[PDB]
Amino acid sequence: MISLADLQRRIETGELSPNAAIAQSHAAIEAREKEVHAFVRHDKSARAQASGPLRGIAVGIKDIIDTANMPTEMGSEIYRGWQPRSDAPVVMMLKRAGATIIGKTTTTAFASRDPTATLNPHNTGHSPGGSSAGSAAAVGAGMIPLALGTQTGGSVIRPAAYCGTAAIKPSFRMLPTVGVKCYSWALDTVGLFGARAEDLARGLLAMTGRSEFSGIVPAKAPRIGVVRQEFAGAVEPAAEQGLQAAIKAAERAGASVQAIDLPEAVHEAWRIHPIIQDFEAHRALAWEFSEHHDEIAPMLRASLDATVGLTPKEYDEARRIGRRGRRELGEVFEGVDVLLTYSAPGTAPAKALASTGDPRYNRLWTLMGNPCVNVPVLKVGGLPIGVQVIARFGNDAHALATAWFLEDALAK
């Protein structure tokens, strides 16, 4: 994988040149696209910019995020050829910092369950996950140093884990969703994929100019609370293997690790996530569902068909539960600095299964809103396995710091 921070340093000292950096990505992409299929379209003519901390940095953008110079097809035939007039605010944050929008990465139709044609970089016979399939795969294939994705359920953390890349879903609403196809406005959150926690930090800094992302350093003696989300069902061995590997490394590194169960109110929040997501999806995709029903990809069309009867009443109650869940979650952070849990059910599923994977271990946090970071840990049978690092709402910086601490810990 390509490191964003690495490129920056090398370019900042004049050791490396922006055009060279960009030329590399163009090469890297051409080197494996026929193998990975992580891009809907690649702008071969894309060139580096003259100034800014991100000059020389190639960025892939999930195709539900508006671009003014390239189509934004939503991973759906309904939007084949569709061309937004403007660039989404998050895209502008990148361009204003000097980034090079190198192409649009694949997304499942309307960022839901329907698999894309993208293949896992580590094993072409497996899925790269969803819905931010291309952003994770392209970064995992060393095609680009950065990529934007989105998460409603687990569309950022899970695919990152599956593809062995670092990634973060910032605190809810920190990054605007303007110009980003909505699935569920109560959940949709923009995310970044990179090589390491550090790369993610430098990215958010460039995009937001927020001091908290400036000079982030690995955390020291982190207070960690491990939650296995029993309420989310049974996990796969490989996943537990990764979590234990991470806990062991962290303890050796000086972290105080303690297992903990989540409040009952949090369990409930995890359970009603689908209610909020699907009820809102019906409003958010009302036009598509009403005028182009049969054109909506199979799986999404099915989940929508099955939920046409969700009511405003049960939806309001679902949101009440969500609020209760957040409140009692904050209390959990009185004792620990971060929570550690699985990033996915296990290794990425074979493409033959026609599944991007179950987001059951990701959804809760998207609803709570806390910042989440995927930390690549190990690989079972060649397929990557990671762990999810979660901090208090609004403390994305500490999440990346601890995620960084953890990365070095695993590096022995």
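Numbers for residues come from their place in the sequence shown, where the first is 1.
### Query
Got a sec? Mean C-alpha B-factor, which is higher, 246 to 254 or 184 to 192?
Here the higher of the two C-alpha B-factor means belongs to 246 to 254.
### Task
Determine, for stretches 303 to 311 and 118 to 126, which one has the higher mean CA B-factor as deposited.
The entry gives the higher C-alpha B-factor average to 118 to 126.
### Query
Per the PDB entry, which option out of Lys169, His292, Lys95, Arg210 has the greatest Cα B factor?
Most elevated C-alpha B-factor of the set, per the entry: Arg210.
#### Entry: Residue selected from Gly149, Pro176, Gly335, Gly154 by maximal Cα B factor
Of the candidates given, the C-alpha B-factor peaks at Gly335.
### Message
By the recorded C-alpha temperature factor, relative to the other modelled residues in its chain, which third is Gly330 in?
### Response
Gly330: CA B-factor falls in the highest third of its chain.
### Position of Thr67 among the chain's modelled residues by C-alpha B-factor, lowest, middle or highest third
Lowest third of the chain for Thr67's C-alpha B-factor.
### Query
If you rank the chain by CA B-factor, which third does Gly203 end up in: lowest, middle or highest?
CA B-factor rank for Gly203: middle third.
### Message
Quick check on the deposited entry: does the C-alpha B-factor of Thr366 sit in the lowest, middle or highest third of its chain?
### Response
As the PDB entry reports it, the C-alpha B-factor of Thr366 lands in the lowest third of its chain.
### Query
In terms of the chain's CA B-factor thirds, is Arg323 lowest, middle or highest?
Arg323: CA B-factor falls in the highest third of its chain.
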